[PDB]
Amino acid sequence: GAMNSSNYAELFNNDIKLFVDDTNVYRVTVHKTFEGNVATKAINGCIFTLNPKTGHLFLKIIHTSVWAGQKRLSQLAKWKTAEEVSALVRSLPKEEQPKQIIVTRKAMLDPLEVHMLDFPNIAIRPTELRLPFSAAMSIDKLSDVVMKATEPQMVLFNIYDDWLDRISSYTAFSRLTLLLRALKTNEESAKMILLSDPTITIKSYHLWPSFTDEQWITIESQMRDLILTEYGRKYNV
Amino acid sequence: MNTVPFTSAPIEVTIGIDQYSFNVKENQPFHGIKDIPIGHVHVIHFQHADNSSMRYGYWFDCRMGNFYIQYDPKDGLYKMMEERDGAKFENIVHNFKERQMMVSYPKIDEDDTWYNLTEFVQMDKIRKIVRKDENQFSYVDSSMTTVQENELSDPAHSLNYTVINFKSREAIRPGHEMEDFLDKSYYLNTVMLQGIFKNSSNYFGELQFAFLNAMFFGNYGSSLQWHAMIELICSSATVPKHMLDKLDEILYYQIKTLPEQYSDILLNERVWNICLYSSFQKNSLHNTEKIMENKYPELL
């Protein structure tokens, strides 16, 4: 069934599972043509496939060449996502293949289901959670590798850096989603908060700064505050 | 013209023959239906006055034998049986008529309704769907489940409709995932028409039989089967033109004949709106579209 607040801790048990987010697979800019009509220009995109328990991220870069000469691109994007996720499962050894795949948008269900017919025992699930994975392109290193790519490419990351050495999956995912929520709601302020202190650096093999435990506490409170303020502004509360 | 005599009518029951029906009172001297048109299948069905649940009945074709009805007080229902003694049967039929205890199959000469609903229905294919090979006629009732329903319990009592499933390997060629799921032409024409049904008439016959069972017994799995077979055509970009024209006729007479009060459970809003307005064939069901809009605009 669907994933929601009730069955949230299922994400951190030992059943292998992956989130798939397709929001950044098909990305365009909109511009005017010489005759004044509107046209789109595609830029490189990515599939965000994440194991919430281990932090392993499978960033499948979607090169603009994929779209060449194709119609109905936003619909094709869903099938290309499903094609690529299926290939990823096929590429993994049996004991690493997931038992569930949770799609962040319900429109992916039919395309993934069809692409996964060879895997009847892998459950394809929607979610009612409003996960902020669209903001993954606000993480500088991820956006950089996507935009520089010249061909299709899979890049692997651990989206939790080394946090699991010191905190649980549950807490790691809560931090990640808080950081991404903040970045989605006001990217400029979120990014200001993470980097204001020049003495806290990002390891070459990491995505986020090397905060101490106490600094993570201050950061998380700053991100909380950021998010509440923006809410009042949005709704005038 | 053929006859189906009844031994008696011990229990009050509404009897139907095709789209006609008669109320018969407990131990009323009713002894059969005559003037049944040779050349088509027929269905004789029952609903007891005391149980407005379990409509049941028998598909038959009089060319295949002499059939009669007899009430069984152990099993408590009207049973169809074959009389093998041709002379003993003509003798019963002649005497009951002489006494005039038989109702006449009430066909208006202008009316092609029954032919239009049963055009492609053939007793032989019915007996493959309702497998009970010791009888020449086929029993169906309100509660019988289909082979597909069973997969998701007693198989001797199953409706063995052809299994259609849009999200199956059968329906989806590896590597044509997106193509085959959005345009089911492959599934329709190669897998189902050339592969399983062999020709469009067998396909239409199962479609029409599934409709009739849904209409006459409220068999829910038959409704599911009828909708699926409509959707498979309408969701195919490439359909023989003769199939589309015949389909519009087929669906027209089905919609025409449905009781107005049952349009809520018998018509699947999604399928019909998709077939009439979204599908590849939105523009190919002009008659079916025109009757649907003038009779059931609510559903749409």
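Quick notes on the rules
- Within every chain, numbering proceeds from 1 in written sequence order, not necessarily in step with the numbering of the entry, and residues without coordinates do not appear.
- Chain letters and ligand numbers both follow the written order, the letters beginning at A and the numbers at 1.
- Heavy atoms from the whole structure form the basis of all side-chain values; hydrogens and water molecules are not counted.
- Residues with missing side-chain atoms are left out of burial classes, side-chain pairs and their counts.
- UniProt positions are given in the numbering used here, feature names are shortened, and annotations may be inferred rather than shown by experiment.
- When DSSP finds at least two bridges between two strands, those strands are taken to pair.
- For the purposes of this entry, the term helix denotes a DSSP run of H or I that reaches at least four residues, the term strand denotes a run of E that reaches at least two, and both are numbered from the N terminus.
- Throughout, an axis means a line fitted to C-alpha atoms (over the contacting stretch in the case of helices), and angles, computed between N-to-C directions, take values from 0 to 180 degrees.
- Two residues qualify as a contact provided that any one of their heavy atoms is within 4.5 Å of a heavy atom in the partner residue.
- A residue counts toward a patch only above 30% relative accessible area and without a salt bridge, and it is joined to like-charged neighbours within 9 Å or, for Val, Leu, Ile, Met, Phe, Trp and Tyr, to nonpolar neighbours within 5 Å.
- For the area figures, the Shrake-Rupley method with a 1.4 Å probe applies, and any residue is considered shielded solely by the protein chains shown.
- A pairing counts as a salt bridge when a side-chain nitrogen of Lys or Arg comes within 4 Å of a carboxyl oxygen of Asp or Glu.
- Three exposure classes are used, based on accessible area relative to the maximum for each residue type with a 1.4 Å probe and protein chains only: buried under 20%, partly exposed in between, and exposed over 50%.
- Residue ranges labeled as domains rest on an automatic or database domain assignment.
- A simple way to read buried area is as the amount of 1.4 Å-probe accessible surface that goes missing from two parts once joined, with both sides added.
- The definition of a polar contact used here is a pair of N or O atoms within 3.5 Å, where within protein one atom must be able to donate a hydrogen and the other to accept one, and adjacent residues in sequence count solely through side-chain atom pairs.
- Each residue receives one of three labels: charged for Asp, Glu, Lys and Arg, nonpolar for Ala, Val, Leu, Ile, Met, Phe, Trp, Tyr, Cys and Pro, and polar for the others, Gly being one of them.
- What counts as a ring pair is set by centres within 6.5 Å for rings of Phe, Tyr and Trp (its six-membered ring), and what kind of pair is set by the plane angle: stacked under 30 degrees, edge-to-face over 60, tilted for all other angles.
- Only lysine NZ and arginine CZ atoms are considered, and such an atom sits over a ring when it is within 6 Å of the ring centre and within 35 degrees of the ring normal.

Where the PDB entry is consulted, chain B appears under the name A1 cistron-splicing factor AAR2, with the organism given as Saccharomyces cerevisiae. Listed under Function in UniProt, the entry text for chain B is "Component of the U5 snRNP complex that is required for spliceosome assembly and for pre-mRNA splicing. Involved in splicing pre-mRNA of the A1 cistron and other genes that are important for cell growth." Within the UniProt record for chain B, the comment given under Sequence similarities is "Belongs to the AAR2 family."

Looking at the PDB entry, one finds chain A named Pre-mRNA-splicing factor 8, with Saccharomyces cerevisiae as its source organism.

A. Summary view of the sheet that holds strand β6 (residues 100–103) of chain A. Residue and element names in this part refer to chain A. Spatially, β7-β6-β1-β4-β5-β8 is the arrangement adopted by the six strands of the open sheet, whose pairing is mixed. Edge positions in the open sheet fall to β7 (123–125) and β8 (153–158), since each of these has one partner strand only. Ignoring which end each strand starts from, the neighbouring axes of this sheet average 20° apart. Where strand β5 (residues 56–62) meets β8, six bridges bridge the pair, whose relative direction is antiparallel. Bridged to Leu-59 within β8 is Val-155. Where helix α3 (residues 140–148) meets the sheet, it contacts β4 (45–50), β5 and β8, and its direction lies at approximately 30° from that of β5.

B. Quick peek at a nonpolar patch on the surface. All names here are of chain A. There is a patch of nonpolar side chains on the surface, built from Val-28, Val-30 and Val-38 and spanning about 260 Å² of accessible area. Looking at the element boundaries, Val-30 is found in strand β2 (residues 27–32). The class of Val-30 is exposed, set by a relative accessible area of 60%.

C. Inspection of the domain arrangement of chain A at higher detail. Residues and elements named next belong to chain A. As assigned here, chain A comprises domain 1 (9–163) and domain 2 (164–237). Each side of the interface is counted separately: domain 1 has 26 residues, and domain 2 has 26 residues. Taken together, both faces of the contact between domain 1 and domain 2 bury some 2,400 Å²; the carbon and sulfur share is 66%. Remark: the boundary between domain 1 and domain 2 carries one salt bridge. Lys-191 is the partner of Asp-140 in a salt bridge, and the nearest nitrogen-oxygen pair spans 2.8 Å. There are 17 residue pairs in polar contact connecting domain 1 and domain 2. Only α3 and β8 provide two or more residues apiece to the side of domain 1 that touches domain 2. In terms of residue count, the dominant contributor to the side of domain 1 that touches domain 2 is α3 (three residues). Classifying every residue of the side of domain 1 that touches domain 2 by side-chain character gives 16 nonpolar, four polar and six charged.

D. Main features of the sheet that holds strand β4 (residues 32–36) of chain B. Residue and element names in this part refer to chain B. Strand order in the open sheet formed by three strands is β1-β4-β9, and the pairing between neighbours is mixed. With partners counted over all chains shown, the strands left at the sheet margins are β1 (2–5) and β9 (103–104), one partner each. The sheet contact formed by β1 and β4 spans three bridges and is antiparallel. When the sheet's bridge partners are listed, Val-4 is paired in β4 with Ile-33. Contacts between helix α1 (residues 86–99) and the sheet are confined to β1 and β4, with β1 contributing the most and set at about 85° to the helix.

E. A look at the packing of aromatic side chains. Residues and elements named next belong to chain B. Summed over all chains, the structure comprises 38 aromatic pairs over all chains. Measuring from ring centre to ring centre gives 5.2 Å for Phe-46 and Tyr-56, while their planes differ by 25°; the resulting arrangement is stacked. In this pair, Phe-46 sits in strand β5 (residues 42–48) while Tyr-56 sits in strand β6 (residues 56–60), placing the two residues ten residues apart along the sequence. Comparing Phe-46 with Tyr-56, the two get one shared label, buried. Both rings, one in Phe-60 and one in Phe-67, keep their centres 6.4 Å apart while their planes meet at 70°; by these two values the pair is edge-to-face. Comparing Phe-60 with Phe-67 shows no difference in burial state: the two are buried. Site record: aromatic cluster; members linked through ring pairs are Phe-6, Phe-30, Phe-46, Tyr-56, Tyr-58, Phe-60, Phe-67, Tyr-71, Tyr-78, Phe-137 and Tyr-139. Sitting over the ring of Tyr-186, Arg-173 keeps its end group 4.4 Å from the ring centre. Positioned above the aromatic ring of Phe-181, the side-chain terminus of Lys-184 is 4.2 Å from the ring centre.

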